[PDB]
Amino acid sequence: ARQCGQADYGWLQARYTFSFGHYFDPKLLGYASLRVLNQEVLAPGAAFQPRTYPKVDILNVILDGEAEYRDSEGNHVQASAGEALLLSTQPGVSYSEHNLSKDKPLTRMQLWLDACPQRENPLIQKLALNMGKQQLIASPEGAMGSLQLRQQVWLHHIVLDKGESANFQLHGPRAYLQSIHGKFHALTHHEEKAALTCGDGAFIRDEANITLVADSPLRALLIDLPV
């Protein structure tokens, strides 16, 4: 009962969870998949109960409000709207997420990627979203000032006006597109491949180049996936 498309007015109130499987390919061994993509809203004062995670790293993109993230080992970080946070989680450690406001709610999008826990990676990283047409916000080596992932994944944040476009060269054989707000379509080889309404996702296979075109004011993600 989210209305779309031009204003997509209540996007910050939307709550949903995608849960996806783990891909295998005999020619691409041991690589990670996108396992969850969710958007959640926490009420003023509210706070999820601590939880362990199943061999995944967690990337949060704060859309509205502010939150604090704590773990059972004493590590802590706060994130406000406009920031992305990566938690490279550790076996048997519990993690909590609290809304810092007693007055105002919190909205955030969260991705889980499979992780090889023995791979080195900083426990906590944050990145300030620049909000330009496209930004690389996470990558294997933290190229171009991006969050460093211990997966072979490149994550892009897209902000376009209606009718604007952005082109992407893909490293892996799989891409996932996500509408954060607004509608858009993807082209490959100058031909339409998929059209996404507000809040849609779409996996796209074996395209080395993808062009995204906004059909209303848009915020989106494009995830370049290794298998």
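All residue numbers refer to positions in the sequence shown, first residue = 1.
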Comparing 21 to 29 with 8 to 16, the higher average Cα temperature factor in the PDB entry belongs to 8 to 16
The stretch carrying the higher mean Cα B factor in the deposited entry, 61 to 69 or 31 to 39, is 61 to 69
Quick one: which of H181, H189, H171, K193 has the biggest Cα B-factor according to the entry? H189
Highest CA temperature factor in the entry: which of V77, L86, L129, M109? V77
Ordered by C-alpha B-factor within the chain, which third holds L149? Give me lowest, middle or highest, please. lowest
Third of the chain, ranked by Cα B-factor, where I158 sits: lowest
Splitting the chain's C-alpha B-factors into thirds, which one does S139 fall into? lowest
Of the three thirds of Cα B-factor ranks in this chain, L100 occupies the highest
What third of its chain's C-alpha B-factors does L113 belong to: lowest, middle or highest? lowest
